[PDB]
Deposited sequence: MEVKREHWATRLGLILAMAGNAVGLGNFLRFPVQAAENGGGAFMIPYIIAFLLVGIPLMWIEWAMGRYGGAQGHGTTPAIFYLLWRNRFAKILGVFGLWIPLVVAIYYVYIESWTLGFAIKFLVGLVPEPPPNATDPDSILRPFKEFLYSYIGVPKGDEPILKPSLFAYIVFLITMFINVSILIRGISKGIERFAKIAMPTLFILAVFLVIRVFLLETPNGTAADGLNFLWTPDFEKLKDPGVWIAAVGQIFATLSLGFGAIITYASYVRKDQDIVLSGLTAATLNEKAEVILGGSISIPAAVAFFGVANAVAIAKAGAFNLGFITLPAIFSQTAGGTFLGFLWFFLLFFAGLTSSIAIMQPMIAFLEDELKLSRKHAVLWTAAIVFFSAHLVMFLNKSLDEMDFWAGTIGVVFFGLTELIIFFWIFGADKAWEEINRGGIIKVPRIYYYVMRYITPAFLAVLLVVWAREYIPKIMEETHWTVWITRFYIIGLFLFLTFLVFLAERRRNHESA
């Protein structure tokens, strides 16, 4: 099996995995929509009672299965629990990362294209009216991704957007094709430091933004000012948990696959903890100090929140660059923003393709080159669905990026810490650890986490099962059909691997 060269390389690769578009796009929005400071408390609790324990669990499973030449859940679930249904449940560990890769890589390509255009200086040129400043950029984005006037099902992506997508795929391939240590690690060791430096620079530059309408400091206060009136809103807790799952790459099967390349004896406790901590620093400190503080700086708190509620991409791709345009060298600033976003995305996309690649290598005994090329072909092909169909990306993000990750988290936690055995699991997690997990977390993993997740899934199910059947648009049915087909396909592959074993 292939392994990580250095412990630092490992840490930075995992950090790259976690630290992505979720930190600089999703988080600011989620925090603003949920009352800023009010959102933090749950966010923290969820981080302590869900993020950390699941992180350690996925590291443990990853290393465990990896020691036996398996980096994916279809095989690992079987090693932990002898049963066909364990493999079937294991299929989600490829389905989820595949589905998410599909649209994630596309958004990443967006950030790339924007970075390019902003570097070259091909951007809309605003003239004191907010709408006359945001409109040009709304038209810019809509032209780029091909959004229809009304609510029409067909998207018409510009040629440049398509080409940029192809390029992005090429880059992902060029990195993934060099393996774990020579590919992912060597790139992480650069992309990560670069990312942090850019993030810091932007945080400062933004902190220097002050107008008659507000200041960035106002935004910081808003985000870090507690509010206990929202603690009775389940939606805030659900949002927090969702954010934790998303940002920590939990339930995606990526952490496990990366962990499978960690030597059986090496520590996963301190390493994992460090990666998670890095991600949180990048999120609450860097990610939360750019977009929101700037929006608040220009339009004030209320309008900032309104824009946040307007959409996820509305803030990162429209509002922020429009704000930048009103400053000296704001175009270059935009370029830095989108470049940061690009590295952040890439270092995560490679992580979500590595599970599929790893399955092809381990279970179908394919070479690295072939595995990477085929994974790239499948993702690229399927990506047309997201590119040309309106509301497809949202549906995928929902079924895989929202429900699927939670369901899968509960599944892996139950299999590892209940069926496989809580004591054996604990010993497996702590073994080789440079530091040891506080005993309390044992009780957190065995009772608290699974209970909370179960409740969450119950609520979600109750709220969504009726809405599901009554859906008007056909694009969502086409998408559902398709991803279901992908599930059947992956199942078939798992079957072939199983038969090859015999």
| property | result |
| --- | --- |
| Regions left out of the model, expressed as runs of the deposited sequence counted from 1 | 1 to 4, 132 to 134, 510 to 513 |
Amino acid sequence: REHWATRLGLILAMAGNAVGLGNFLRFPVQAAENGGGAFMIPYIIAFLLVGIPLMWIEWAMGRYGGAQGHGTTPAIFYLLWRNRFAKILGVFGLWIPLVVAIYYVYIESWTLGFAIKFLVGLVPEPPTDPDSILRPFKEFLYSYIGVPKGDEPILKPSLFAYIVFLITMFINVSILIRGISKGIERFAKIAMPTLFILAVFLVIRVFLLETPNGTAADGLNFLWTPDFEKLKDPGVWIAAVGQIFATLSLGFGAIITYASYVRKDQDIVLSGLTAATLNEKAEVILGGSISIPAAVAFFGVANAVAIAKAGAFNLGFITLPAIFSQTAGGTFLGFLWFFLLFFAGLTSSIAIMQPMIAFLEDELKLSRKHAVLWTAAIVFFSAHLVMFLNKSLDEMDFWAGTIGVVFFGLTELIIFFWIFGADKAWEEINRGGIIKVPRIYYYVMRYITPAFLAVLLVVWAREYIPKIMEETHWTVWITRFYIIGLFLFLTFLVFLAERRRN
From here on, numbers count along this sequence of modelled residues.
item: Entry-level comparison of average CA B-factors, 147 to 155 and 100 to 108, reporting the higher stretch; value: 147 to 155
item: Stretch exceeding the other in mean C-alpha B-factor - 223 to 231, 91 to 99; value: 223 to 231
item: Candidate set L278, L389, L122, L336 [ranked by C-alpha B-factor, highest]; value: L122
item: Most elevated Cα B-factor in the entry, residues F114, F170, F343, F407; value: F407
item: Third of chain Cα B-factors occupied by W59; value: lowest
item: Modelled-residue ranking by C-alpha temperature factor, third containing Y43; value: middle
item: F313 - Cα temperature factor, lowest/middle/highest third of chain; value: highest
item: Chain-wide C-alpha B factor ranking for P193, given as lowest, middle or highest third; value: highest
item: Ranked C-alpha temperature factor of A497 among modelled chain residues, by third; value: highest
